[PDB]
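Peer 1: Just one file: start_10.pdb, with PDB, C-alpha atoms and all ligand atoms.
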```pdb
ATOM      1  CA  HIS B  12     106.407  67.546  80.845  1.00  0.00           C
ATOM      2  CA  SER B  13     106.112  64.613  83.271  1.00  0.00           C
ATOM      3  CA  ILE B  14     107.467  64.427  86.824  1.00  0.00           C
ATOM      4  CA  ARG B  15     109.647  61.407  87.642  1.00  0.00           C
ATOM      5  CA  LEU B  16     107.460  60.235  90.501  1.00  0.00           C
ATOM      6  CA  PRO B  17     109.030  57.510  92.682  1.00  0.00           C
ATOM      7  CA  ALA B  18     108.066  53.964  91.732  1.00  0.00           C
ATOM      8  CA  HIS B  19     106.839  53.230  95.262  1.00  0.00           C
ATOM      9  CA  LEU B  20     105.042  56.604  95.338  1.00  0.00           C
ATOM     10  CA  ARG B  21     103.597  56.346  91.811  1.00  0.00           C
ATOM     11  CA  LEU B  22     100.240  55.600  93.455  1.00  0.00           C
ATOM     12  CA  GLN B  23      97.674  58.390  93.526  1.00  0.00           C
ATOM     13  CA  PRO B  24      98.188  60.663  96.572  1.00  0.00           C
ATOM     14  CA  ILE B  25      94.649  59.842  97.744  1.00  0.00           C
ATOM     15  CA  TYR B  26      95.892  56.276  98.329  1.00  0.00           C
ATOM     16  CA  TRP B  27      99.212  57.260  99.931  1.00  0.00           C
ATOM     17  CA  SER B  28     100.030  55.755 103.323  1.00  0.00           C
ATOM     18  CA  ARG B  29     102.087  57.216 106.159  1.00  0.00           C
ATOM     19  CA  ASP B  30     105.184  55.570 104.670  1.00  0.00           C
ATOM     20  CA  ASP B  31     104.305  56.812 101.175  1.00  0.00           C
ATOM     21  CA  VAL B  32     104.245  60.432 102.354  1.00  0.00           C
ATOM     22  CA  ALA B  33     107.637  60.117 104.055  1.00  0.00           C
ATOM     23  CA  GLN B  34     109.092  58.521 100.918  1.00  0.00           C
ATOM     24  CA  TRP B  35     107.685  61.463  98.952  1.00  0.00           C
ATOM     25  CA  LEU B  36     109.270  64.016 101.298  1.00  0.00           C
ATOM     26  CA  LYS B  37     112.698  62.369 101.075  1.00  0.00           C
ATOM     27  CA  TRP B  38     112.433  62.153  97.282  1.00  0.00           C
ATOM     28  CA  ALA B  39     111.273  65.764  96.945  1.00  0.00           C
ATOM     29  CA  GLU B  40     114.139  66.948  99.150  1.00  0.00           C
ATOM     30  CA  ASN B  41     116.975  65.398  97.141  1.00  0.00           C
ATOM     31  CA  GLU B  42     115.286  65.964  93.776  1.00  0.00           C
ATOM     32  CA  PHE B  43     114.409  69.664  94.116  1.00  0.00           C
ATOM     33  CA  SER B  44     117.148  70.753  96.563  1.00  0.00           C
ATOM     34  CA  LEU B  45     114.698  71.473  99.369  1.00  0.00           C
ATOM     35  CA  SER B  46     115.703  72.217 102.939  1.00  0.00           C
ATOM     36  CA  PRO B  47     116.135  69.150 105.182  1.00  0.00           C
ATOM     37  CA  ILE B  48     112.684  68.233 106.485  1.00  0.00           C
ATOM     38  CA  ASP B  49     112.029  66.115 109.567  1.00  0.00           C
ATOM     39  CA  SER B  50     109.890  63.073 108.792  1.00  0.00           C
ATOM     40  CA  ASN B  51     108.396  63.458 112.281  1.00  0.00           C
ATOM     41  CA  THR B  52     106.198  66.130 110.717  1.00  0.00           C
ATOM     42  CA  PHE B  53     103.628  65.164 108.068  1.00  0.00           C
ATOM     43  CA  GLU B  54     102.920  62.008 110.087  1.00  0.00           C
ATOM     44  CA  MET B  55      99.727  61.343 108.134  1.00  0.00           C
ATOM     45  CA  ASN B  56      98.334  59.355 105.232  1.00  0.00           C
ATOM     46  CA  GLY B  57      97.725  60.813 101.785  1.00  0.00           C
ATOM     47  CA  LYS B  58      94.102  61.655 102.577  1.00  0.00           C
ATOM     48  CA  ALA B  59      95.092  64.067 105.355  1.00  0.00           C
ATOM     49  CA  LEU B  60      97.915  65.510 103.240  1.00  0.00           C
ATOM     50  CA  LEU B  61      95.614  66.589 100.394  1.00  0.00           C
ATOM     51  CA  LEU B  62      93.411  68.433 102.919  1.00  0.00           C
ATOM     52  CA  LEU B  63      96.338  70.596 104.081  1.00  0.00           C
ATOM     53  CA  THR B  64      96.657  74.236 103.095  1.00  0.00           C
ATOM     54  CA  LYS B  65      99.860  75.949 102.018  1.00  0.00           C
ATOM     55  CA  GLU B  66      99.899  77.579 105.458  1.00  0.00           C
ATOM     56  CA  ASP B  67      99.805  74.097 107.014  1.00  0.00           C
ATOM     57  CA  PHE B  68     102.734  72.940 104.876  1.00  0.00           C
ATOM     58  CA  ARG B  69     104.553  76.139 105.842  1.00  0.00           C
ATOM     59  CA  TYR B  70     104.111  75.325 109.544  1.00  0.00           C
ATOM     60  CA  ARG B  71     105.786  71.924 109.187  1.00  0.00           C
ATOM     61  CA  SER B  72     108.545  73.169 106.847  1.00  0.00           C
ATOM     62  CA  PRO B  73     109.202  76.913 107.169  1.00  0.00           C
ATOM     63  CA  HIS B  74     111.840  76.817 104.411  1.00  0.00           C
ATOM     64  CA  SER B  75     110.352  74.298 101.948  1.00  0.00           C
ATOM     65  CA  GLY B  76     106.643  74.164 102.821  1.00  0.00           C
ATOM     66  CA  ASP B  77     105.598  76.453  99.973  1.00  0.00           C
ATOM     67  CA  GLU B  78     107.558  74.365  97.464  1.00  0.00           C
ATOM     68  CA  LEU B  79     106.201  71.105  98.906  1.00  0.00           C
ATOM     69  CA  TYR B  80     102.631  72.366  98.513  1.00  0.00           C
ATOM     70  CA  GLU B  81     103.274  73.432  94.912  1.00  0.00           C
ATOM     71  CA  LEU B  82     104.792  70.032  94.114  1.00  0.00           C
ATOM     72  CA  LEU B  83     101.702  68.240  95.430  1.00  0.00           C
ATOM     73  CA  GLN B  84      99.508  70.480  93.267  1.00  0.00           C
ATOM     74  CA  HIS B  85     101.633  69.688  90.204  1.00  0.00           C
ATOM     75  CA  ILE B  86     101.284  65.971  90.955  1.00  0.00           C
ATOM     76  CA  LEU B  87      97.498  66.189  91.322  1.00  0.00           C
ATOM     77  CA  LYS B  88      97.168  68.159  88.079  1.00  0.00           C
ATOM     78  CA  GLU B  89      99.207  65.531  86.214  1.00  0.00           C
ATOM     79  CA  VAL B  90      96.953  62.716  87.459  1.00  0.00           C
ATOM     80  CA  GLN B  91      93.756  64.445  86.278  1.00  0.00           C
ATOM     81  CA  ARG B  92      95.371  65.014  82.867  1.00  0.00           C
ATOM     82  CA  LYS B  93      96.324  61.329  82.701  1.00  0.00           C
ATOM     83  CA  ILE B  94      92.762  60.363  83.650  1.00  0.00           C
ATOM     84  CA  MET B  95      91.457  62.717  80.956  1.00  0.00           C
ATOM     85  CA  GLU B  96      93.725  61.075  78.372  1.00  0.00           C
ATOM     86  CA  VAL B  97      92.437  57.595  79.248  1.00  0.00           C
ATOM     87  CA  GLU B  98      88.838  58.786  78.869  1.00  0.00           C
ATOM     88  CA  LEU B  99      89.579  60.246  75.423  1.00  0.00           C
ATOM     89  CA  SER B 100      90.831  56.938  73.992  1.00  0.00           C
ATOM     90  CA  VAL B 101      88.369  54.601  75.756  1.00  0.00           C
ATOM     91  CA  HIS B 102      84.842  56.024  75.401  1.00  0.00           C
ATOM     92  CA  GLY B 103      82.518  55.174  78.254  1.00  0.00           C
ATOM     93  CA  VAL B 104      85.109  54.510  80.960  1.00  0.00           C
ATOM     94  CA  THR B 105      84.122  56.108  84.247  1.00  0.00           C
ATOM     95  CA  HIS B 106      86.444  58.373  86.209  1.00  0.00           C
ATOM     96  CA  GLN B 107      86.960  55.599  88.770  1.00  0.00           C
ATOM     97  CA  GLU B 108      87.683  52.871  86.212  1.00  0.00           C
ATOM     98  CA  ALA B 109      90.216  55.119  84.473  1.00  0.00           C
ATOM     99  CA  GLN B 110      91.977  55.756  87.789  1.00  0.00           C
ATOM    100  CA  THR B 111      91.967  52.034  88.597  1.00  0.00           C
ATOM    101  CA  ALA B 112      93.426  51.307  85.153  1.00  0.00           C
ATOM    102  CA  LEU B 113      96.256  53.818  85.593  1.00  0.00           C
ATOM    103  CA  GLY B 114      97.155  52.372  88.990  1.00  0.00           C
ATOM    104  CA  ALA B 115      97.360  48.886  87.489  1.00  0.00           C
ATOM    105  CA  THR B 116     100.005  50.177  85.045  1.00  0.00           C
ATOM    106  CA  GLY B 117     102.021  52.327  87.454  1.00  0.00           C
ATOM    107  CA  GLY B 118     100.613  55.565  86.061  1.00  0.00           C
ATOM    108  CA  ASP B 119     101.332  54.741  82.404  1.00  0.00           C
ATOM    109  CA  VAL B 120      98.603  56.201  80.190  1.00  0.00           C
ATOM    110  CA  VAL B 121      99.493  54.187  77.081  1.00  0.00           C
ATOM    111  CA  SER B 122      99.511  50.845  78.912  1.00  0.00           C
ATOM    112  CA  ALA B 123      96.296  51.707  80.762  1.00  0.00           C
ATOM    113  CA  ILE B 124      94.486  52.463  77.493  1.00  0.00           C
ATOM    114  CA  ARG B 125      95.840  49.232  75.934  1.00  0.00           C
ATOM    115  CA  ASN B 126      94.810  47.159  78.997  1.00  0.00           C
ATOM    116  CA  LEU B 127      91.279  48.571  78.870  1.00  0.00           C
ATOM    117  CA  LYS B 128      90.893  47.750  75.174  1.00  0.00           C
ATOM    118  CA  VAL B 129      92.352  44.240  75.491  1.00  0.00           C
ATOM    119  CA  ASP B 130      89.952  43.521  78.360  1.00  0.00           C
ATOM    120  CA  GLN B 131      86.998  44.354  76.107  1.00  0.00           C
ATOM    121  CA  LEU B 132      88.364  42.304  73.200  1.00  0.00           C
ATOM    122  CA  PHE B 133      89.363  39.385  75.443  1.00  0.00           C
ATOM    123  CA  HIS B 134      85.727  38.602  76.261  1.00  0.00           C
ATOM    124  CA  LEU B 135      84.761  38.436  72.574  1.00  0.00           C
ATOM    125  CA  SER B 136      86.372  35.005  72.048  1.00  0.00           C
ATOM    126  CA  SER B 137      88.356  32.203  73.673  1.00  0.00           C
ATOM    127  CA  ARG B 138      91.676  33.519  72.351  1.00  0.00           C
ATOM    128  CA  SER B 139      94.479  34.005  74.845  1.00  0.00           C
ATOM    129  CA  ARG B 140      95.589  37.413  76.066  1.00  0.00           C
ATOM    130  CA  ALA B 141      98.632  37.307  73.779  1.00  0.00           C
ATOM    131  CA  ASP B 142      96.369  36.596  70.805  1.00  0.00           C
ATOM    132  CA  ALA B 143      94.032  39.433  71.801  1.00  0.00           C
ATOM    133  CA  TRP B 144      97.079  41.667  72.301  1.00  0.00           C
ATOM    134  CA  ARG B 145      98.583  40.619  68.958  1.00  0.00           C
ATOM    135  CA  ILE B 146      95.303  41.278  67.128  1.00  0.00           C
ATOM    136  CA  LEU B 147      94.867  44.735  68.654  1.00  0.00           C
ATOM    137  CA  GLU B 148      98.542  45.563  68.100  1.00  0.00           C
ATOM    138  CA  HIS B 149      98.325  44.792  64.379  1.00  0.00           C
ATOM    139  CA  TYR B 150      95.229  46.966  63.924  1.00  0.00           C
ATOM    140  CA  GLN B 151      97.096  49.771  65.763  1.00  0.00           C
ATOM    141  CA  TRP B 152      94.697  49.500  68.731  1.00  0.00           C
ATOM    142  CA  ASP B 153      91.514  50.114  66.727  1.00  0.00           C
ATOM    143  CA  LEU B 154      89.193  47.984  68.942  1.00  0.00           C
ATOM    144  CA  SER B 155      86.412  48.048  66.268  1.00  0.00           C
ATOM    145  CA  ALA B 156      88.662  46.446  63.620  1.00  0.00           C
ATOM    146  CA  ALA B 157      90.072  43.933  66.105  1.00  0.00           C
ATOM    147  CA  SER B 158      86.510  43.096  67.154  1.00  0.00           C
ATOM    148  CA  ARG B 159      85.372  42.500  63.566  1.00  0.00           C
ATOM    149  CA  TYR B 160      88.385  40.233  63.047  1.00  0.00           C
ATOM    150  CA  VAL B 161      87.599  38.237  66.193  1.00  0.00           C
ATOM    151  CA  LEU B 162      83.901  37.990  65.323  1.00  0.00           C
ATOM    152  CA  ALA B 163      84.745  36.878  61.773  1.00  0.00           C
ATOM    153  CA  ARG B 164      87.200  34.237  63.080  1.00  0.00           C
ATOM    154  CA  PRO B 165      85.686  32.815  66.291  1.00  0.00           C
TER     155      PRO B 165
HETATM  156 NA    NA D   1      84.400  50.419  77.328  1.00  0.00          NA
END
```
Would you mind writing the file's structure down as structure tokens?
Ligand code: NA
Peer 2:
Amino acid sequence: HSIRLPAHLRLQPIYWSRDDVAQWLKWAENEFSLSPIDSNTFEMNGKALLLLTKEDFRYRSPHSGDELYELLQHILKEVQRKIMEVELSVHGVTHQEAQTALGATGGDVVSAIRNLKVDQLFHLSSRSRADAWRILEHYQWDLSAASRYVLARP
């Protein structure tokens, strides 16, 4: 399924700040019934957190370090799957552009795919975003059909 990541912490862990890690620890504690963890530990940004081993987590939380490490791995695996889904619907998007698109939608795959297609169709005419969104929405997000419609009615 999908983990209910916190709205403030919906950003990719690579872009997590010191405050984003602490907000993740407090959320993980109440959500998965983990042992109380001192926020004095893990005083690091998301870049240093993803370079920690399970033994390093275990040092900072002897009772919940193993579970914290496994939660971070589940979160990273979900992101890559979301990035893979964006690439399947929008051919040619790079791995970085797909990650930037997901972050602009709060991690929503469907909205990210729609935003990427609207951006391509928006350039094809002087129609507003709502018009480009309406056109794509009618054609069930088939960019090729929406493009032919826009090119046939400039
Ligand atoms: Na494209």
Peer 1: Please identify every polymer residue within 12 Å of ligand NA 1 (chain D), using only C-alpha atoms and all ligand atoms, and present the set as a PyMOL selection string.
Peer 2: chain B and resi 97-105+108-109+112+124-132+134+154-155
Peer 1: For this structure, which residues satisfy the selection - the PyMOL selection byres (((chain B and resi 57) around 7) and not hetatm) - when it is evaluated on the file as given? I want them as a PyMOL selection string.
Peer 2: chain B and resi 24-28+32+55-56+58-61
Peer 1: Name the residues that the PyMOL selection byres (((chain B and resi 143-148) around 9) and not hetatm) pulls out of this structure, and write them as a ChimeraX atom specification.
Peer 2: /B:125-126,128-130,132-133,136,138-142,149-154,156-158,160-161
Peer 1: Could you tell me which of B:92, B:106, B:165, B:44 comes closest to residue B:78 if we count all atoms listed in the file?
Peer 2: B:44
Peer 1: Atom CA of residue B:36 to atom CA of residue B:120: how many Å, to one decimal?
Peer 2: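 Interatomic distance here is 24.9 Å.
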Peer 1: Nearest to residue B:19 among B:162, B:114, B:121, B:68, with distances taken over all atoms listed in the file: which residue is it?
Peer 2: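 For residue B:19, the nearest of the given residues is B:114.
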Peer 1: Counting only C-alpha atoms, which of B:48, B:63, B:17, B:22 gets nearest to residue B:35?
Peer 2: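 Among the listed residues, B:17 lies closest to residue B:35.
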Peer 1: Using all atoms listed in the file, which of the listed residues (B:39, B:65, B:113, B:75) sits closest to residue B:96?
Peer 2: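 Among B:39, B:65, B:113, B:75, it is B:113 that comes nearest to residue B:96.
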Peer 1: Give, as AutoDock Vina command-line options, the centre coordinates and the x, y and z edge lengths in Å to one decimal for an axis-aligned box around all listed atoms of stretch 35-49 of chain B, padded by 6 Å on each side.
Peer 2:
```
--center_x 112.4 --center_y 66.8 --center_z 101.7 --size_x 21.5 --size_y 22.8 --size_z 27.8
```
Peer 1: Just to confirm, what's the straight-line distance from atom CA of residue B:110 to atom CA of residue B:79 in Å (one decimal)?
Peer 2: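 Taking atom CA of residue B:110 and atom CA of residue B:79, their separation equals 23.7 Å.
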Peer 1: Expressed in Å to a single decimal, how great is the separation between atom CA of residue B:91 and atom CA of residue B:16?
Peer 2: 14.9 Å
Peer 1: Using only C-alpha atoms, which protein or nucleic acid residues come within 10 Å of residue B:67? Drop anything in the same chain fewer than 5 positions from it, and give the result as a list in words.
Peer 2: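 Once the adjacent positions are removed, what remains is residues 53, 60, 62, 72, 73, 76, 77 and 80 of chain B.
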Peer 1: Give the answer as one residue: which of B:50, B:117, B:12, B:45 has the shortest atom-to-atom distance to residue B:29, using all atoms listed in the file?
Peer 2: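 Checking each candidate against residue B:29, we get B:50 as the closest.
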Peer 1: Can you pull out the residues contacting residue B:86? Cut-off 8 Å, using all atoms listed in the file, and skip same-chain residues under 4 positions away; I want them as a VMD selection string.
Peer 2: chain B and resid 14 82 90
Peer 1: Where atoms are missing, can you supply N, CA, C and O atoms for stretch 81-104 of chain B and output the lot as a short mmCIF file (atom, residue, chain, number, x, y, z; two decimals), in the frame of the given file?
Peer 2:
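The resulting file, out04.cif, is reproduced below:
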```cif
data_model
loop_
_atom_site.label_atom_id
_atom_site.label_comp_id
_atom_site.auth_asym_id
_atom_site.auth_seq_id
_atom_site.Cartn_x
_atom_site.Cartn_y
_atom_site.Cartn_z
N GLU B 81 103.36 73.25 96.36
CA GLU B 81 103.27 73.43 94.91
C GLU B 81 103.62 72.15 94.16
O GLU B 81 103.12 71.93 93.06
N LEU B 82 104.49 71.31 94.74
CA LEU B 82 104.79 70.03 94.11
C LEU B 82 103.60 69.09 94.18
O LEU B 82 103.30 68.39 93.21
N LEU B 83 102.89 69.07 95.31
CA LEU B 83 101.70 68.24 95.43
C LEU B 83 100.63 68.68 94.44
O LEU B 83 99.93 67.84 93.86
N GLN B 84 100.49 69.99 94.23
CA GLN B 84 99.51 70.48 93.27
C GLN B 84 99.89 70.09 91.84
O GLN B 84 99.02 69.77 91.03
N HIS B 85 101.19 70.13 91.52
CA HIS B 85 101.63 69.69 90.20
C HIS B 85 101.35 68.21 90.00
O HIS B 85 100.99 67.78 88.90
N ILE B 86 101.53 67.41 91.05
CA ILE B 86 101.28 65.97 90.96
C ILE B 86 99.80 65.69 90.75
O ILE B 86 99.42 64.84 89.94
N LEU B 87 98.93 66.40 91.47
CA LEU B 87 97.50 66.19 91.32
C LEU B 87 97.02 66.62 89.94
O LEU B 87 96.15 65.96 89.35
N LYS B 88 97.57 67.71 89.41
CA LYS B 88 97.17 68.16 88.08
C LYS B 88 97.61 67.18 87.00
O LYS B 88 96.92 67.03 85.98
N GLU B 89 98.74 66.51 87.19
CA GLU B 89 99.21 65.53 86.21
C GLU B 89 98.31 64.30 86.20
O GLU B 89 98.04 63.73 85.13
N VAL B 90 97.82 63.88 87.37
CA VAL B 90 96.95 62.72 87.46
C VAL B 90 95.65 62.96 86.70
O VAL B 90 95.20 62.12 85.92
N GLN B 91 95.05 64.12 86.94
CA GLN B 91 93.76 64.44 86.28
C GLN B 91 93.96 64.49 84.76
O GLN B 91 93.07 64.02 84.03
N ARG B 92 95.10 65.01 84.30
CA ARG B 92 95.37 65.01 82.87
C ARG B 92 95.52 63.59 82.34
O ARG B 92 95.03 63.27 81.26
N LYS B 93 96.20 62.73 83.10
CA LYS B 93 96.32 61.33 82.70
C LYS B 93 94.97 60.64 82.66
O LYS B 93 94.68 59.86 81.75
N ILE B 94 94.11 60.92 83.65
CA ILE B 94 92.76 60.36 83.65
C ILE B 94 91.98 60.87 82.45
O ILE B 94 91.24 60.12 81.80
N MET B 95 92.14 62.16 82.12
CA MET B 95 91.46 62.72 80.96
C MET B 95 91.92 62.05 79.67
O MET B 95 91.12 61.82 78.75
N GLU B 96 93.21 61.72 79.58
CA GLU B 96 93.72 61.08 78.37
C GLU B 96 93.16 59.67 78.21
O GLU B 96 92.83 59.25 77.09
N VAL B 97 93.02 58.93 79.31
CA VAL B 97 92.44 57.60 79.25
C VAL B 97 90.99 57.67 78.77
O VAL B 97 90.55 56.85 77.96
N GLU B 98 90.24 58.65 79.26
CA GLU B 98 88.84 58.79 78.87
C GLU B 98 88.69 59.16 77.40
O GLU B 98 87.68 58.81 76.77
N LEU B 99 89.68 59.85 76.82
CA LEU B 99 89.58 60.25 75.42
C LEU B 99 89.75 59.06 74.48
O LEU B 99 89.14 59.04 73.41
N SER B 100 90.58 58.08 74.85
CA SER B 100 90.83 56.94 73.99
C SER B 100 89.86 55.79 74.22
O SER B 100 89.63 54.99 73.31
N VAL B 101 89.30 55.68 75.42
CA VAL B 101 88.37 54.60 75.76
C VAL B 101 87.05 55.27 76.13
O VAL B 101 86.83 55.65 77.29
N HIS B 102 86.16 55.39 75.15
CA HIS B 102 84.84 56.02 75.40
C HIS B 102 84.00 55.18 76.35
O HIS B 102 83.90 53.96 76.18
N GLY B 103 83.40 55.84 77.33
CA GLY B 103 82.52 55.17 78.25
C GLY B 103 83.14 54.79 79.58
O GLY B 103 82.40 54.45 80.51
N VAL B 104 84.47 54.82 79.69
CA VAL B 104 85.11 54.51 80.96
C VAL B 104 84.75 55.58 81.98
O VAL B 104 84.72 56.78 81.68
#
```
